[PDB]
Every structure is written in C-alpha cells, then in structure tokens.
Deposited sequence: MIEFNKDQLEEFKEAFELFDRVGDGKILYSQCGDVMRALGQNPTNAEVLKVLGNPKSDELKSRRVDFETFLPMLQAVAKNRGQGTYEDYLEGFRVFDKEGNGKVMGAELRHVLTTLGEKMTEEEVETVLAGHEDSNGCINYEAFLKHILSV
C-alpha cells in the first residue's frame, strides 16, 4: 500500500469509528476489509485475527495501525460462474432454492441480508439471471 492508499484507508477506518477513540472492534475488521474491496471469508478473517474468542472479538478495540497488517495479509471469475451454474439449464435459479442454500449452507447469512440483496433481481416467475446478478455484484 502506498501513502495515498494508507490515507484513504485510514479515513474510511475513521468513518467506521463510532466512539471517537480512533479504533474499531476486531469484529468490525472484516467488515472494514470488505468495505475496502476485499472479499475474505469469515474463516480468513478469524485467521488473520488470530481466531479470537467471542469476548475480545466483540469488545477489544484496535486502531488503524493494528488493523493494517490484517488488511495486508488478506490482500496478499470463471469459477464464480461455474459456482452459479451449479445451482441452475435455462440460465435461471429459483429464488426459494437460492435463498435456502445461501441461508443454510456455507457461511450462512440472515434471511434479511438475502432479501435485501435479492430485491429487484428476481423476475415475475421468481427466477434470477445469475450472470447478470454476478456482474452486478462485482461492479
């Protein structure tokens, strides 16, 4: 990261500082990484965090300088398409089935997150063009 990147990232980090002490929680570190363009798994986030326990993940606070090595470590298309073609063969996916698999397999998300991301992406039959949804979420 160059000086400009470090300045932009620090500014963004400070936008996430909700207490004014210049720090975020460990549990927000992953969120900040994602806000900065990274797409780490929860496992990767916990690994760079040192597999923290619930208590320190929720209440121990770190400033930008301690967050930065973690961002660095995380930082250092065809598979995504095949992954969506797994759940298809007319190029569509049922909304119920995609909702079920995203809320019940892998790193399960909440029903509200899935409703939020799926809003406006399903058609009248309740089918999602997954190539378009993928391009949309990657833009």
Deposited-sequence segments unaccounted for in the coordinates: 1-3, 80-85, 98-99, 151
